[PDB]
Structure formats: structure tokens, C-alpha cells
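**Student:** Let me see the structure of the following:
(2 chains)
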Amino acid sequence: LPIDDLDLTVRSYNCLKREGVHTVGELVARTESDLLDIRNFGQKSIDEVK
DNA sequence: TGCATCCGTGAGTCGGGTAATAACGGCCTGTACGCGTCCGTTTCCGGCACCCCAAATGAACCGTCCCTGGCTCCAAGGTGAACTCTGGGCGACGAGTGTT
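**Tutor:** Numbers count the residues shown, from 1 in each chain, chains lettered A, B, ... in the order given. Sharing the structure here:
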């Protein structure tokens, strides 16, 4: 499933589509620590992803 | 009346082919073959009596497969504002450190 299908807000889509994350399969493959590593990552994005 | 004297059957199994004599004219014919000629056949040149036969030459011609006309009623391009990062800009604070 793509991350857009999760019907989320501005920042998470922006910071994901620049770097080529297209699905939630790679997102569930990546752990919370491996996804929070990104510079200027929103804590609200962390909350919604968790 | 023996008695020698023939005399009549064996005896199994799956490389070829090796020769003589007096005979000689002359006539007949006979069946097969070789000549010259004539007639039925048959096969075409071009003719009709016409058989007409026909693809090609005028129509419509009407439905239909293309043009032009106007009309929408909407969903995409144009017009807003914010905001959550996104990024840079500002500022203060602290020990490892250039020096005699």
C-alpha cells in the first residue's frame, strides 16, 4: 500500500516523495529508528507513523 | 542237391560348366519379307445461316456517409490562504590551546 493511501498530512508525504519511499512495505520493513534518522523529521509524523 | 555264382539294398551332416568329323552340287518350295498403287479417312482454310451475347454506356437515386451549426452544464485550468516543516540567520556559552 502506498503512504498516500494512509490519507496523512503535508510534511510526511513531502519528505517521503522527495527520497523515493513509495509504499508502506518498505516503511514496515524500516524500524522507527531507521525512519526518524531523517533531518527535520516532524514529531507529528513520528506519532502518526507509530 | 547242394553249390558255387551272381545278384540285389546299405554306407549320416550342411567348390560350379570340362569335346568331334571327308561330305558336296543341284533342285524345290515355302513362308516370310519387300516393291508399287489405290481408296477410305480425317482434318483443316474459311465461308456463312444467322445464335444472337454480352461487358460497357446513359440515366436515376435514395439512403447514407460524409461536410456545417448551434448548444450546452461541467470538470479542468486560474485565483485565495495557511502551515508545518525547511532552511537560513542570530546569538551565547564553554575548555583545549598560541605563547614566554
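**Student:** quick one: the helix or strand containing residue A:35 to chain centroid distance?
**Tutor:** Assessed by DSSP states H and E, residue A:35 sits inside helix A:32-36. The chain centre lies 9 Å from the centre of helix A:32-36; the measure is CA atoms, centre = their mean, to the nearest Å.
**Student:** Now that helix: buried residues?
**Tutor:** Across helix A:32-36, burial judged by 16 or more other CB atoms under 10 Å covers residue A:35. All C-beta atoms are positioned from the backbone trio N, CA, C, and that covers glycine.
**Student:** what's near enough to touch residue A:9?
**Tutor:** Counting by CB atoms under 8 Å, 6 or more residues apart in numbering, residue A:9 makes contact with A:44-45, A:48.
**Student:** Would you map the helices across chain A?
**Tutor:** Ranges of helices in chain A, per DSSP state H, are A:10-17, A:25-29, A:32-36, A:43-49.
**Student:** what about the nearest residue to residue A:42 once chain neighbours are set aside, how many neighbours?
**Tutor:** Of all residues not flanking residue A:42 in the chain, residue A:11 sits nearest, at 4.6 Å (CB to CB, 6 or more residues apart in numbering). If you count neighbours by other CB atoms under 10 Å, residue A:11 ends up with 14.
**Student:** Does residue A:11 touch residue A:44 like I think?
**Tutor:** Yes. With contact defined as CB atoms under 8 Å, residue A:11 counts as touching residue A:44 (7.4 Å).
**Student:** Top of the contacts of residue A:9 by number of neighbours, please.
**Tutor:** With neighbours defined as other CB under 10 Å, the most crowded of the contacts of residue A:9 is residue A:45; it has 21 neighbours.
**Student:** wait, what's in contact with the closest residue to that residue other than its chain neighbours?
**Tutor:** Spatial nearest neighbour of residue A:45, chain neighbours left out: residue A:12 (4.2 Å); criterion: CB to CB, 6+ apart. Going by CB under 8 Å, 6+ apart, residue A:12 touches A:3, A:42, A:45, A:48-49.
**Student:** Let me know the closest of these to DNA strand B.
**Tutor:** Nearest to DNA strand B out of those is residue A:42 (CB to the nearest atom of the strand; 2.5 Å).
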